[PDB]
Every structure is written in structure tokens, then in C-alpha cells.
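With ideal geometry, Cβ positions are generated from the backbone for all residues, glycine too; neighbour counts draw on all protein chains shown. Nothing in this text is a laboratory measurement; each read-out follows from the coordinates by a stated rule.
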Amino acid sequence: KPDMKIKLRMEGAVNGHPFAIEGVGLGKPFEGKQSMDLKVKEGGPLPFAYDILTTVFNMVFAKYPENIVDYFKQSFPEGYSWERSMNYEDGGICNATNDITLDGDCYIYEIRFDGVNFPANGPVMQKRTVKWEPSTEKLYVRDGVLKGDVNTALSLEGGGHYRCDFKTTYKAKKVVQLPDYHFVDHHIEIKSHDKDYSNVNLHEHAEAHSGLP
Amino acid sequence: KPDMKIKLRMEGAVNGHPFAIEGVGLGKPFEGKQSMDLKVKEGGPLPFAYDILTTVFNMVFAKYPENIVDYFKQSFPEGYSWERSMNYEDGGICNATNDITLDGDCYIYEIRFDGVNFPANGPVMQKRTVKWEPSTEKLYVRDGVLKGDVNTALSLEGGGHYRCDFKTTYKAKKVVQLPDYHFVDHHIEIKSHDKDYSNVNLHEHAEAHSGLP
Amino acid sequence: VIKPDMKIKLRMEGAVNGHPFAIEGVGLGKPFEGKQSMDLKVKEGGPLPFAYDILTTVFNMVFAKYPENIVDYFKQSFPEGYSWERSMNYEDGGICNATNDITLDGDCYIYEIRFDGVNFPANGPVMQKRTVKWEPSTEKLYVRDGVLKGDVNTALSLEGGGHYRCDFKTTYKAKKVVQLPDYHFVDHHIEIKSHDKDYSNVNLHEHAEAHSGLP
Amino acid sequence: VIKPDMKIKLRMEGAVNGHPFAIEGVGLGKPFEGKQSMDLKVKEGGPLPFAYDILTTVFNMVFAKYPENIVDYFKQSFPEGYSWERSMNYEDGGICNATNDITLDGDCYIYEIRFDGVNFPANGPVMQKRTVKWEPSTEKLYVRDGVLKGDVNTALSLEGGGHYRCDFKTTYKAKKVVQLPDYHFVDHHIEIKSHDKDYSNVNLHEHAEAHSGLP
């Protein structure tokens, strides 16, 4: 349990063109770190910026302090699922779902990803994104369900940023104690990749906190 | 060509639960009318309001006057595709794509539909929708591509309305003459259905115009 | 008893990107024809440094032609009158909030208007005055928690072609209990017929008609 | 040369749902500690019929503690000063637009503030005064077309539990050419420490610190 495995498959489409990606990786749930290797199995070479997928490729790998209820770790071995809409400032929209289950010492994700209305001359279809900036998600309860909101941005090639609003709903398969309003800091990073992003090495890191004291 | 057939399959998911629906119907492209019969093949009985699907189940069945360029009819026999995001006022989001091709005298649609973040206590998951109100879409060109925007609403069971914003991108497979800014009036209606909407008879009607003279 | 010819008098005070201005207007309209016109004069803050078109839809649904079979919330509200509040969200993030308190003095409607726009970028069509006109639009009216609302997504045509979209969300509040209408539409067509060079003087016309949509 | 102790003086004029009000304030802050406090007095339109919390984040990033390795746009802008514009979009559709023109007179910052909120529903937490406080927040600052912007999605906690979300979009404009910063964050914590019953008098505190996010 201090060190775990991940294997995943994402099937989806962007602007109506389908693709599928599989990933293997591992992380340290108490340290709030994870890493993975993904390879495109269908729809390659991908005609859109890979960065729109990386935040879809699991909060159980977040470091939670003692004084904040950890909804995600407490959700296992049964697991949880999440749904997310990602609204980019030029009207591109990505909807994603992930069902996270646990197999002994391996989390397996079934992921669906669907993006529409990305303009041909925009940074996503023209692959002008560089990386996601570090972000701060706010988590809160709404009608007995845990939600997460974060407004973040991608840095662009010629400088400047491309904004996106995330709205996530988290659903444990069993009743879990709900946390108070709190935050989770994120840093997601693609360390290595081949020319057309057929191979991607992705690292993410996060920690929950309670904001300015 | 005055009277045509339609056959379609939609595969999708709502809040992560997958389903699939097939439809047969026919319409009169110059009269701006269409009708169809759909049956759920997978994921039934559907746990969400059927109304969120009906506007996804083809502008070629719109009556265009002489003085407005008809992008959609002019797009055949090669056809066109469209992408759409549907943003409901409580945060539920549906992304849809449709690739419309022509087989002799039959249009066939390949449809993908993905909705996320519909709350359990909302009108969609609680099936408290009645029908779509009549609507007026505005069509305009953006960077050489035809777009359509319409903000409409579903009537609810106890009275009141549930709003949704549509953003559609239309892409002909071949270069087609682009129209000027214009409007398309819509009325979509489910005439008949069985208890759990396994069977649905759907009718739609539309006409392009140029607004108040 | 609304008359076929009524008068309009108005004062708008406002600001765009923090720069204040004020405009006064006098006009006339035909409530049963759904038509109105007015002459507007900049009294403070001229010459206006932003596109005049962002103001024109703020310069009264009582001048919309309602058929007999649709409840007319606006004509019912007089002689006491009504007020409305509106936010206008432009696609580049410029936001305008406006309010109008409408009273009646004889055969003259009087408007007290506040207008505040923020976050219009210096290189955008509003601050660079690259707007041409509003396209015709279709507003949707509906009731929310006993209050009448109006929504419309429309657009301004631009100098070099193309359009600049805006979403309006309006709340209408009668000053007495009036019968509420069912869901319906109001088509709009607004036009600046003439103006002087710096838009210190503007002659504005509007045409509006209610309907029930595609039959 | 910003000092460790500076003074604040302000006047806000505004309206919510068309009802006007005005508030004057005097305060103090510690720019190198990222802390400030002020006493606010309602001068017109009292007793305010809306939740005071919608105003508090409008009542100056110069009082944010900036580390040496992040360019401080706000301290650089003085003595000439800077202005900002902001829209605040609440999840039930209430929208507030605000502007602040900040100048410096000796060791005292002077604010000229306009505030205009519309479309707050009668049964919502703002008009029913069911807000408790702002949660701590993290604003993201970035440059857009040579102009500094700030975005934050945050929330008010409510009387009966739960939260009421709001999205802020702010534009910051220095009154002279200053060096622009890279993408960074400012954490905020704002609190009403005391007030009289009808909020005619309010003592408000804010704490802010810039950082570069998760390392």
C-alpha cells in the first residue's frame, strides 16, 4: 500500500475523430506523486495538443494532512468515479469520465474523453500549447456530493496563456465521510515524449491544504 | 430527392453509464419536416430525461428561402458533419458529434453523445422535463466556418423552465458557399413513446429566415 | 390606457472601463405597432471613447407589438410601471450591467438608467469602435420564481466582416401584481438611423414584435 | 518607496438591483506583511438591503506580500498608481461589475470605487443575507496582450451550510510602463472582524501573499 501500480485505457474523440490510449505507471499515495507511460493505440498520430488529456490521466495520489478528511483514500478498496467538464476560453469543451477500481495493488481506470468545437486555427488543433501551469483546485460539498472546481491555463508557444475551467464531480461507490471546504494544489508535467506523442511519460504531484492561514 | 430516408445509431454515455440507440425515419427536405422512430439498444431503461437527446437526433431538413444560401443542401452528396456542446444552467454538459453521409436516398448518421455532471436531484436525472420549447438558432461565419448558436429551454413538470445553451460547428466535407448571418426556427417534439422511452417517435420542423423585417 | 402614440424621456448615467459619462434622450413610440425612436445627446464624458452600439439596447418592452393571445406583462404594469436589470456578457469578456426604472408621467414614459461596462480590451471592437450594427435578435421570455426573465444571444456585425457575440440576461419587475405570461418570444430590430461624427447626437429606432415561435 | 505602514482612504458609489448606496472608508496596511484593515461607513442607501460580503473584495494588491523573485506589478506602479476593473459572476446569475482607481497622496492610497450588481434573485443568499464569509482563495495572475489579468473562482459559505460560488475576472492597468510579471498566484484571506447590526459600520481585514504554486 505505500507503493502502487496503475494501468488505464482511455477511449475518446476530439472534433469527431476517435482515438484510444493505454497507460502503465505507479505512484506513492502518501507522498502525493505519480508517474505513467502512455502510448496511443488508435487514432495516431494525434492531431491535437496532448496537453488536453493529461489532467484526465486520480486524487488518491494526493497528500492529505491529518486535519482534512481524505475522501479518496477512504473510498477504497471499493473505489470511486468522477465526471469532469473542461471549458476552454475559445469554446472548446472536453467531457471526461473515469471509473477507478482497485485490483489487489493496482488501480485500473476506464476513461472516456470527448472534446468538441476546437477551432482549426486555435492552439489545440495547431499544437501551440507548452504545459499546464500549476493549479489550485477547490473542493466542496454540494447536496451531499463532493465537487471540485479549478480554473487554470495552458502556456502557449509565443507566450501568453489559454484558459480552461474544470468542473469535477466525485462519487465514491460506497458512503464515505465528506470533507470540509479545502484545496488541492496540482502540478502536471510531461517529462518525455516522442515526435508525435505516440509515447508520453507523464508526472503529477499534489497536496491538499486549507489556504492562507 | 423530394422524400428521403434516415437511419442512425447513437452511442454514448450520461454520467459515465453507456447506452446506444438506433433510429429509422424519413423527411421532406424542402418542406423542412422530419420524423423518426428510435429504440434503445444498450443501456436501457435509460435513467435520464430522453429530451436531452432529441436535438441530436440534421439541418438539411430545414426550409431555406431563395434569398438565403443553403449550406446544408449544397453540402451533398458528399455530406457534412457537426459538433455541438450543450451547456445546461445547472452545470450539466452534453457534447455531441454527428457525421452525416448519404447512401443513394438515405442519410445515415454516426452519432456520439457524452453528458457529464448531471446532478442526481436535477430535472434530467429525476426525469422532470416535459418538452423543448420552440427555438431560434442564429447561424454565422467565424474564420471561414459556419457556426450555430441557440439558447433554449426545457419546460419542467411543476412549471418553470430549465435553460440550455447550444454551440454548434458545421463542417461540409467539401468547400461550400457560406451563408450570411441568418436564423433557423425549430420545433422538436416527441409524439409517442413507451413507458421507459424504449420506443420514441420524434418529429422536428424548421425554417430559415432573416429576422424581423 | 396606453395610447397609440406615447412619448419617452430618459437619462442614463454610466461608465465604461471606469470612465464616466451621461446621456439624455427624448423620443416617441407606437406601442400597438411595436416601434419607437429617440434622439440621444451626450451630456457628460464626450466624446465617448467606446462603440455607441453597446448602449443602444439599453435605451422598454412596452413598445413591443403583442398579439391578443399572449399576456402583455409590460402594458399591464402601468400606470405604476416596471423596472428591469440586465447583464450583457460579450464573448471577449467585456461585461455591461444596466438597470432601467420606468415610470409614467401623463403620456410620457420616463427612464432612469444606469450603465456600467468593464473589462473591454483596448484592442477589441468596442474600444476600437469597429462595430457596425446589431443583428436582428429573438429574445425568449419566461417566468422564474414568480419573476419575468428575458434571455437573448445576439451579435454585433464588425467593420471587417464577422460578428462579435453577446449574451443578454434581463430581469423584469412590475411595480404591482400583474398576470404572468407563458414562455414566448420577442423579435427585435434596432438601428441607429443618423448620428453626428462623434455620436454626441444619435437618432435611434427600434422595432419589436412578440410571437409564440414556430407553429 | 513604499513604507511598511501605509494609510488607505476610499469612497465607493454603487447600486445593487438598481438601488443606490455609498460607502466611505479609512484604513491601514502593511505592504511587506501582506495585511490591511479598514473601517467602512455607509453614507447613503443604508441600511443596505443586500449581503455586505459582496462588497468586501472590492474594498488593492499593493498590500500583498511579494517574494523577491516574483515581479511586483503593483508596487512598481507607484507613485503614479494603477486602476483595476472586475466582473464577479455568481452561480445564480447575480453579476457585479466594479472599478477602482488607486492614487497615492503622501503615505495614503486613495480609492475611487464604482460597484454595480444586477440580477440577484430575491430568494437568493445575497438579497436574503444568508452569507457567512468568503472562503480563502487563490487568484491566478497572467498577462494578456501586454495587460495584467487576475482570475479567481471562489465561494461564500452560507448560513445553512453549503457554498455559493463566484468567478472573478479582473484587469489591472498601471498608469505608467512597469515590468510585467510571469504567471503566478496570490492567496487571499478576507474577514469582517466586527460590524454593527445593520452593517453601517464594518471593520474589514485582508491577508494576501504571492507565490509560484506547487514546487
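For chain D, what is the per residue volume of the convex hull drawn over the alpha-carbon atoms, in cubic angstrom?
118 Å³
Between C:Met127 and D:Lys41, what FRET efficiency follows from the Cβ-Cβ distance if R0 is 41 Å, with the result rounded to 0.05?
Rounded to the nearest 0.05, the efficiency is 0.70.
With 5 Å bins from zero, work out the P(r) of the range B:55-101 over every alpha carbon pair and list the percent per bin.
Per 5 Å bin, starting at zero, the Cα-Cα P(r) for the range B:55-101 comes out as 5, 18, 23, 17, 16, 11, 8, 3, 0 percent.
So how much slack lies between D:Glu80 and D:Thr103, counting 0.36 nm per residue of separation and subtracting their Cα-Cα distance, in nm?
7.6 nm
Quick one: what are the phi-derived ³J(HN,Hα) couplings along the range B:205-213, Karplus 6.51/-1.76/1.60 with θ = phi - 60°, whole Hz, x for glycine and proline?
Ordered by residue, 3J(HN,Hα) equals 8, 7, 8, 7, 7, 10, x, 4, x Hz.
Over all Cα pairs of the range D:96-168, how is the pair count split among 10 Å bins, expressed in % and running from 0 up to the last occupied bin?
15, 33, 35, 15, 2
In whole Hz and in residue order, list the ³J(HN,Hα) couplings for the range C:164-175 that follow from phi through the Karplus curve 6.51 cos²θ - 1.76 cosθ + 1.60, θ = phi - 60°; x for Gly and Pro.
10, 7, 9, 10, 9, 10, 10, 10, 10, 9, 6, 8
For D:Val1 and C:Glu24, what is the calculated FRET efficiency with R₀ set at 30 Å and r taken between the beta-carbons, to the nearest 0.05?
It comes out at approximately 0.05.
What do you get for Rg/Rh over the protein assembly as shown if you use C-alpha atoms and the Kirkwood form of Rh? Could the numbers behind the result be given before it?
Details: Rg = 27.4 Å, Rh = 28.7 Å.
My calculation of the ratio gives 0.96.
Would you please give the residues with an amide H less than 5 Å from that of C:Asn17, counting only those at least 5 places away or on a separate chain, with H modeled from the backbone geometry?
The answer is C:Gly117, C:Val118, C:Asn119, C:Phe120.
What is the distance in Å between the Cα centroid of the range A:111-141 and that of the range C:34-107?
39 Å
For the range D:1-124, give me the percentage of DSSP beta bridges that are antiparallel, rounded to the nearest 5 percent.
Bridges in the range D:1-124 are about 80 percent antiparallel.
Before anything else, pin down the relative contact order of the range B:78-177: Cα pairs under 8 Å, at least 6 apart, normalised by residue count, whole percent. Mind dumping the intermediate values first?
Values: 203 pairs, mean separation 30.3, N = 100.
Relative contact order for the range B:78-177 comes out at 30 percent.
For the range A:88-103, what does the Karplus curve 6.51 cos²θ - 1.76 cosθ + 1.60, with θ = phi - 60°, yield as ³J(HN,Hα) per residue in whole Hz, taken in order and with x for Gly and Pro?
Whole-Hz 3J(HN,Hα) from phi for the range A:88-103: 7, 5, 9, x, x, 10, 10, 10, 9, 9, 9, 9, 9, 10, 10, 10.
As a test of the formula, what do you get for chain B when each DSSP H run with n ≥ 4 contributes -39,500 (n - 2.57) and the sum is divided by the residue count, at 222 nm and rounded to the nearest 500 deg cm²/dmol?
Working: 1 runs with 4 residues, N = 213.
The per-residue figure over chain B is -500 deg cm²/dmol.
Ignore the peptide's own chain and count Cβ atoms of other chains within 10 Å of each Cβ in A:122-134; give me the average, rounded.
Rounded to a whole number, the mean comes out at 1.
Run through every distinct alpha carbon pair of the range B:1-102 and return the Kirkwood hydrodynamic radius in angstroms, one decimal place. Mind dumping the intermediate values first?
Working: mean 1/r = 0.0657 Å⁻¹.
Evaluated over the range B:1-102, this radius sits at 15.2 Å.
Within 10 Å of each Cβ in peptide A:158-164, how many partner chain Cβ atoms are there on average? Round it to a whole number, please.
Across the residues of A:158-164, the mean count of other-chain Cβ atoms within 10 Å is 3.
Label points 7 Å out from Cα along the Cβ direction at B:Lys131 and C:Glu33: separation in nm?
About 3.6 nm separates the two model spin labels.
Rounded to whole Å and sorted largest first, list the principal axis extents of the Cα atoms in chain B.
Cα extents, longest axis first: 46, 37, 28 Å.
Roughly how many nanometres apart are two label points built 7 Å out from the Cα toward the Cβ at B:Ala20 and D:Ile110?
Going from the B:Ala20 label point to the D:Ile110 one covers 7.3 nm.
Need one value for D:97-109: mean number of C-beta atoms belonging to other chains within 10 Å of its residues' C-beta atoms. Spell out each step's value before the answer.
Numbers: counts 9, 3, 10, 1, 2, 0, 0, 0, 0, 0, 0, 0, 0.
Mean partner shielding for this stretch: 2.
Can you tell me the FRET efficiency between D:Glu159 and B:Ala120 if r is taken as the Cβ-Cβ distance and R0 is 25 Å, rounded to the nearest 0.05?
Efficiency at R0 = 25 Å is approximately 0.55.
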